[PDB]
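Asker: need a 3D model of the sequence below.
(one chain, ligands or ions: 4)
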Amino acid sequence: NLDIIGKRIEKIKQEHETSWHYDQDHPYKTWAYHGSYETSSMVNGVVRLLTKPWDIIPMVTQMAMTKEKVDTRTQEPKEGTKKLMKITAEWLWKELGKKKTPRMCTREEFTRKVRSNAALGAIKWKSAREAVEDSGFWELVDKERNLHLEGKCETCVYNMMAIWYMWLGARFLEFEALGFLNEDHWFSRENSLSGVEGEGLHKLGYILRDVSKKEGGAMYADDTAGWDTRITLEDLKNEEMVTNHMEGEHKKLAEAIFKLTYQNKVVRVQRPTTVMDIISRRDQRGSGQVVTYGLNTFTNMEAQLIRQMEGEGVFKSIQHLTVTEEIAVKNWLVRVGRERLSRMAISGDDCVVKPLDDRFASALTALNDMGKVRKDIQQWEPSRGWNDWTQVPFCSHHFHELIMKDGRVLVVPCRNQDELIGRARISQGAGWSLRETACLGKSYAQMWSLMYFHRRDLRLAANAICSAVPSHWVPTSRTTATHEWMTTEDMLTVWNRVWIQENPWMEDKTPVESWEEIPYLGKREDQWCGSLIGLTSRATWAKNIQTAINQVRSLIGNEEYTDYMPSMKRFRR
Ligand SMILES: Cc1nn(C)c(C)c1NS(=O)(=O)c1cccc(F)c1
Ligand SMILES: [Cl-]
Ligand SMILES: [Zn+2]
Ligand SMILES: [Zn+2]
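Answerer: Numbering: from 1, shown residues only. Ligands and ions are numbered 1, 2, ... in the order given. See below for the structure:
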């Protein structure tokens with residue numbers, strides 16, 4: 001306890017020795033308190049000017065305007081549960097490890113990742129680049145590094161905002177020890193069977209249709225209420241077992257990340273009463289986002305195999321596993337474990353499961369005792385399943401089967417169109433030039449052309465934005481699945497590569513010659529999913545689109561533009 005976290009606290013105490021007090025009106029119950037000390041979404045004008053009909057749709061316009069789950073506790077699982085998790089976790093790290101080798105990630109790999117801008121959850125230096133291009137940073141890194149090899153920590157402290165930011169250094173040390181899980185694709189579908197890491201939104205619907213082809217019961221897609229808060233100290237121990245597969249320095253650096261920063265956290269939170277609270281806890285998820293995704297995927301795979309074992313009668317009670325049950329659990333994993341992984345699609349806390357039969361629906365004792373309580377259903381009410389893979393929610397989408405005029409089959413991603421338009425009208429951060437705002441609009445437009453071409457309004461609005469932004473300007477994002485739309489290559493060429501040439505579910509490789517060969521949803525179904533077709537507002541927008549394109553061209557100025565509208569039958573004379 002205080003031996004592991006004391007140093008980090010001690011060091012914070014001294015930097016604010018002027019202001020340190022044990023505040024007695026501290027609002028924490030489950031978070032151990034230690035002391036205190038004194039300390040918006042912007043609109044994208046390019047996308048909004050080209051989506052006028054949505055200016056009067058509150059579900060779009062309200063998206064641009066504007067704890068009691070973190071400060072909760074999770075009971076210790078029973079002995080039977082703890083044994084089921086330990087056996088399953090041991091088995092799963094071995095399967096994931098059969099064709100992969102754990103290894104340290106490099107300064108070079110980190111330096112490259114920071115010099116191409118990604119989600120790093122980081123807070124003497126300004127930007128990430130400067131610190132990476134400074135030897136002093138690496139000496140600070142080196143000091144903590146040697147502290148970790150010595151089994152101690154001084155500067156690895158979380159800052160809450162839920163996202164848990166760290167100083168780049170602590171983030172580097174995290175990356176060095178555990179970055180291999182993402183960098184070497186441990187959660188790819190090929191390696192994990194249930195995972196979808198690196199798949200891409202143009203593959204997820206085909207993956208759910210392949211799960212639907214298995215014999216068995218309904219498709220279950222239960223969401224957990226606040227997954228990150230429900231990660232138990234036991235879950236963190238089972239995750240730590242990945243270190244059993246490591247050696248040398250790597251093994252020691254990884255054991256220190258798990259022991260010192262995951263299983264024993266130190267956090268700073270702003271309270272308006274404005275003070276800084278220094279709190280600690282031993283449970284809950286609070287890594288960096290990328291490691292969080294891989295370990296969430298691992299623990300979710302483990303939890304869903306145990307729920308499958310429960311439905312199949314492999315064990316009778318979570319109170320205690322008998323000696324023979326243990327062997328039966330091990331024998332089930334060796335005999336059918338890989339087949340049962342193949343019946344799932346798991347993306348962090350998000351799952352779809354097609355079990356052997358519907359006994360799964362009421363197999364709730366292990367799931368509830370592991371702390372993975374289902375959202376929006378009563379604790380002991382059986383899960384409701386989906387009879388049709390096209391209705392299943394996954395990764396905030398559903399999926400349509402769409403038949404091309406030439407007979408070939410596309411499985412396409414979809415979500416309510418108000419959500420798509422409302423997100424594309426939002427930027428994050430300050431100091432955006434008009435060029436940078438235009439290039440972010442172009443990134444949304446090209447994503448729409450590639451993923452949501454089947455939605456009449458989005459194909460039209462994507463064509464308009466690409467016509468309104470200079471043809472050679474490069475799409476950008478400030479935080480960056482696989483992003484095939486992030487390119488200045490011709491979008492028809494990219495569509496053909498993604499949906500025909502490289503699509504393993506498409507046997508006929510005949511290229512598509514124009515956008516008019518690429519189908520839409522049915523008119524009614526397109527309207528079900530939030531299309532504004534059949535509204536006078538939408539008809540006037542579509543008719544007068546060249547006027548809207550010309551307004552934006554006039555703002556940006558005298559640049560080289562292409563007209564993409566004649567790619568659509570209605571503007572093609
Ligand atoms: C020109 C038009 N104006 N109106 C009022 C309607 C029904 C149409 N036809 S439509 O093909 O655009 C269409 C739109 C929405 C749903 C649907 F099933 C069909
Ligand atoms: Cl259904
Ligand atoms: Zn540390
Ligand atoms: Zn849809």
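
Asker: only C-alpha atoms for contact and neighbour calcs from this point on.
Answerer: Will do.

Asker: next one: residue 361 from residue 280, what distance?
Answerer: As defined by Cα to Cα, to the nearest Å, residue 361 lies at a distance of 37 Å from residue 280.

Asker: with adjacent residues omitted, what lies nearest to residue 88?
Answerer: Among residues not flanking residue 88 along the chain, residue 302 sits closest, at 6.2 Å (Cα to Cα, 6 or more residues apart in numbering).

Asker: repeat that for residue 303.
Answerer: residue 367 (6.8 Å).

Asker: ok, that neighbour touching residue 300?
Answerer: No: counting by Cα atoms under 8 Å, residue 367 does not reach residue 300; the two are 10.4 Å apart.

Asker: more neighbours: which of the two?
Answerer: When residue 367 and residue 300 are compared on other Cα atoms under 10 Å, the one with more neighbours turns out to be residue 300, at 21 against 18.

Asker: residue farthest from the centroid of the protein?
Answerer: Most distant from the centre of the chain: residue 573, at 43.5 Å, with distances by Cα atoms, centre = their mean.

Asker: would you mind measuring from that residue to ligand 4?
Answerer: 30 Å (Cα to the ion, to the nearest Å).

Asker: how many neighbours does the residue nearest to that residue when sequence neighbours are not counted have?
Answerer: Leaving out its chain neighbours, the residue that sits closest to residue 573 by Cα to Cα, 6+ apart is residue 566, at 7.6 Å. Residue 566: 12 surrounding residues under other Cα under 10 Å.

Asker: residue 566 reaches residue 516, doesn't it?
Answerer: No: with contact defined as Cα under 8 Å, residue 566 does not count as touching residue 516 (10.3 Å).

Asker: contacts only, for residue 516.
Answerer: Applying Cα atoms under 8 Å, 6 or more residues apart in numbering, we find residue 516 in contact with 567, 568, 569.

Asker: so which strand or helix has residue 96?
Answerer: Secondary structure from DSSP states H and E places residue 96 in helix 79-97.

Asker: in what helix or strand does residue 293 lie?
Answerer: helix 289-311.

Asker: give the next helix or strand downstream of that helix.
Answerer: Remark: after helix 289-311, the chain's next helix or strand is helix 323-341, criterion DSSP H and E.

Asker: give the next helix or strand downstream of that following helix.
Answerer: Next along from helix 323-341, by DSSP H and E: strand 344-347.

Asker: ramachandran angles for residue 452?
Answerer: phi -130, psi 30 (degrees, to the nearest 10).

Asker: residue 414 is in contact with that one, correct?
Answerer: Yes: look at residue 452 against residue 414 with Cα under 8 Å: they come within range, at 6.8 Å.

Asker: the residue nearest to residue 573 in helix, strand or coil?
Answerer: At residue 566, secondary structure determined by DSSP: H, G, I helix; E, B strand; the rest coil is helix.

Asker: quick check: it vs ligand 1, distance?
Answerer: Shown here: residue 566 relative to ligand 1, a distance of 19 Å by Cα to the nearest ligand atom, to the nearest Å.

Asker: quick check: residues of the chain near ligand 3?
Answerer: 153, 156 (Cα under 5 Å from the ion).

Asker: secondary structure element for the residue nearest to residue 303?
Answerer: helix 365-369.

Asker: pull the distance from that helix to the chain's centre.
Answerer: 25 Å (Cα atoms, centre = their mean, to the nearest Å).

Asker: so the residue in the stretch 101-250 of the chain that ligand 1 sits nearest to is in which element?
Answerer: At 24.8 Å from ligand 1, residue 205 is the closest residue in the stretch 101-250 of the chain, using Cα to the nearest ligand atom. Following DSSP H and E, one finds residue 205 within helix 201-212.

Asker: any bit of that helix sitting next to ligand 4?
Answerer: No: Helix 201-212 lies apart from ligand 4 when judged by Cα under 5 Å from the ion; the minimum separation is 11.8 Å.

Asker: just the CA trace of that helix, in CSV.
Answerer: In CSV, the C-alpha atoms belonging to helix 201-212 read as follows (Å, rounded to 0.1, in the frame of the first residue of the first chain):
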residue,chain,number,x,y,z
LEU,A,201,-15.9,-0.9,-40.4
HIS,A,202,-16.2,-2.5,-44.0
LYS,A,203,-15.4,-5.9,-42.5
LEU,A,204,-17.4,-5.9,-39.2
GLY,A,205,-20.8,-6.7,-41.0
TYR,A,206,-19.2,-9.6,-42.9
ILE,A,207,-17.8,-10.9,-39.6
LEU,A,208,-21.2,-10.8,-37.9
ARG,A,209,-22.8,-12.6,-40.9
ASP,A,210,-20.1,-15.3,-40.6
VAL,A,211,-21.0,-15.7,-36.8
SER,A,212,-24.7,-15.9,-37.9
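
Asker: helices or strands next to the next helix or strand after it in the packing?
Answerer: The helix or strand immediately downstream of helix 201-212 is helix 233-240, counting by DSSP H and E. If you count contacts as 3 or more Cα pairs under 8 Å, 6 or more residues apart in numbering; DSSP states H and E, helix 233-240 packs onto helix 79-97, helix 289-311.
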